[PDB]
Amino acid sequence: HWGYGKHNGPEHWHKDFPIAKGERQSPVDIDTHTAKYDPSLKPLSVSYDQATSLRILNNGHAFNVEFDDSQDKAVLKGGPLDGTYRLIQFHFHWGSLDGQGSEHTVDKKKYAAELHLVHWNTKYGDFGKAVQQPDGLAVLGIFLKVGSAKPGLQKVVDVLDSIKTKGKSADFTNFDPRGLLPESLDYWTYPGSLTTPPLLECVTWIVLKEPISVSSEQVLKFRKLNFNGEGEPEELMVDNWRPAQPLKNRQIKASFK
Ligand SMILES: NS(=O)(=O)c1ccccc1
Ligand SMILES: O=C(O)CCCC(=O)O
Ligand SMILES: [Zn+2]
């Protein structure tokens, strides 16, 4: 099965998922000088006041904080989007060292990690149908740099010991994802894909310009997770990021001057 090793990592994925070599793959490098300011782009509307987290899961590739998406409770609107997208889960990608870990890059800069808040377009009824559509998902990407701690991240950090290995989950209620957002909602946007198999070309990417700061201790706890299941040879969950893919025929737009 696919993963992030020499034998099964990103350079192998195309054999089982030929769309890996497609026309709208993610992530990409964001060349800040060639991204065009688009005055037609709207402010992003992030409405997470009623978000209901349920559970946290080690799926063997990352950990997902899952939400109740059975009603319009946590939604993303505006920005480049038409209509309403409902939050289903968030997860991160991160490195073995602070100098790598993000999927998107900015003028070739790699951040220590990247948060993905995943939302599906309500016009398709649920997530599985949405991923079959070119406007099915909106993923809000937020870079992490190492410095001061992010207080709103600590509840996530502290539960990771209980989901060390693949397949473990834990109740994770009342977590407020507003605590993971930076001050500014300035963003870049482009059409792309899931960054893990099945690599479907269904995502409007919205990447925030302003990173959040997390502490070295917080990211070190991410790096204690395991890709393996319980009682299997320990493989630390690090470097679970796909490198930048060819931009091909796409334009990255900026919401800000
Ligand atoms: N990593 S990502 O593109 O946010 C993603 C989101 C949902 C499913 C698969 C991948
Ligand atoms: O299935 C594969 O081995 C990848 C190539 C398939 C294709 O490019 O259509
Ligand atoms: Zn992701």
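Residues numbered from 1 in each chain as written, not as in the entry; some residues may be left out. Chains lettered and ligands numbered in written order. Heavy atoms only, no water. Residues with missing side-chain atoms left out of burial classes, pairs and counts.

The protein has the name Carbonic anhydrase 2 in the PDB entry, where Homo sapiens is given as its organism. According to its PDB record, this entry is titled "Carbonic Anhydrase II Inhibitor RA13". The Subunit (literature references left out) field of the UniProt record for the protein holds the comment "Interacts with SLC4A4. Interaction with SLC4A7 regulates SLC4A7 transporter activity. Interacts with SLC26A6 isoform 4 (via C-terminus cytoplasmic domain)." (UniProt positions renumbered as here; feature names shortened; annotations may be inferred.)

*Asks:* So what exactly am I meant to see when it comes to the packing of aromatic side chains here?
*Replies:* Given two aromatic rings, one states the distance between the centres and the angle between the planes to describe the pair. Scanning all chains against the criterion turns up 15 aromatic pairs. Relative to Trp 94, the ring of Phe 63 lies with its centre 5.8 Å away and its plane at 40 degrees, an arrangement referred to as tilted. In this pair, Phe 63 is assigned in strand β5 (residues 63-67) and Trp 94 in strand β7 (residues 85-94), connecting sequence segments 31 residues apart. Across this residue pair, the class does not change: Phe 63 and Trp 94 are buried. Where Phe 92 meets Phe 222, the ring centres are 4.9 Å apart and the plane angle is 55 degrees; that geometry is what we call tilted. On the criterion of sequence distance, the pair formed by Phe 92 in strand β7 and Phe 222 in helix α3 (residues 216-222) is long-range, its members being 130 residues apart. On the basis of relative accessible area, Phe 92 is assigned to the buried category, the value being 0%. Taken together through their ring pairs, the aromatic side chains of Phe 63, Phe 67, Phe 90, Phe 92, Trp 94, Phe 172, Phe 175 and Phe 222 make up a single cluster. In this structure, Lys 109 packs its charged tip against the face of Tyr 111, placed 5.0 Å from the ring centre. (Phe/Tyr/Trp six-rings, centres within 6.5 Å; stacked < 30°, edge-to-face > 60°. Helix = DSSP H or I, 4+ residues; strand = E, 2+ residues; numbered from the N terminus. Buried < 20%, exposed > 50% of the residue type's maximum accessible area, 1.4 Å probe, protein only. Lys NZ or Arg CZ within 6 Å of the ring centre and 35° of its normal.)

*Asks:* Which parts of the structure should I look at to understand the side chain of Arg 86?
*Replies:* Tracing the backbone shows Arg 86 in strand β7. One polar contact links the side chain of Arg 86 to the main-chain carbonyl oxygen of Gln 71, over a distance of 3.1 Å. Excluding residues within four positions of it along the chain, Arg 86 makes contact with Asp 69, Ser 70, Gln 71, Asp 72, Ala 74, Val 75, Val 118, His 119, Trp 120 and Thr 122. (Polar contact = N/O pair within 3.5 Å; in protein donor to acceptor, adjacent residues only side chain to side chain. Contact = heavy atoms within 4.5 Å.)

*Asks:* Even after reading the chapter, I still don't get the environment of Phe 143, so can you show me in this structure?
*Replies:* For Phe 143, the position within the fold is in strand β10 (residues 137-146). Considering only alpha carbons, one finds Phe 143 and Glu 114, 29 residues apart in sequence, at a separation of 4.5 Å. Among all residues touching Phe 143, those that are not within four sequence positions of it are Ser 102, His 104, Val 106, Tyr 111, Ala 113, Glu 114, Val 207, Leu 208, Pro 211 and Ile 212.

*Asks:* Is there a simple way to explain the site of ligand 2 in this structure?
*Replies:* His 14, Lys 15 and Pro 18 make up every residue found near ligand 2. Here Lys 15 contributes a backbone N or O atom positioned 2.9 Å from an oxygen atom of ligand 2. Protein coverage of the free-state accessible area of ligand 2, which is 280 Å², stands at 34%. (Near = heavy atom within 4 Å. Areas by Shrake-Rupley, 256 points an atom, 1.4 Å probe, with all protein chains shown as cover.)

*Asks:* Hey, could you run me through the UniProt feature "binding site: substrate" in the protein in this one?
*Replies:* Here the UniProt feature "binding site: substrate" sits at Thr 195 and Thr 196. Locating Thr 195 in the fold gives a position in the loop between β12 (187-192) and β13 (203-208). Those residues in contact with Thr 195 that lie beyond four places of it in its chain are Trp 13, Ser 26, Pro 27, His 93, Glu 103, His 116, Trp 205 and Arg 242. You can see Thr 196 is positioned in the loop between β12 and β13. With a relative accessible area of 23%, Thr 196 lands in the partly exposed category. The residues contacting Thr 196, other than those within four sequence positions of it, are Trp 2, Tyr 4 and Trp 13.

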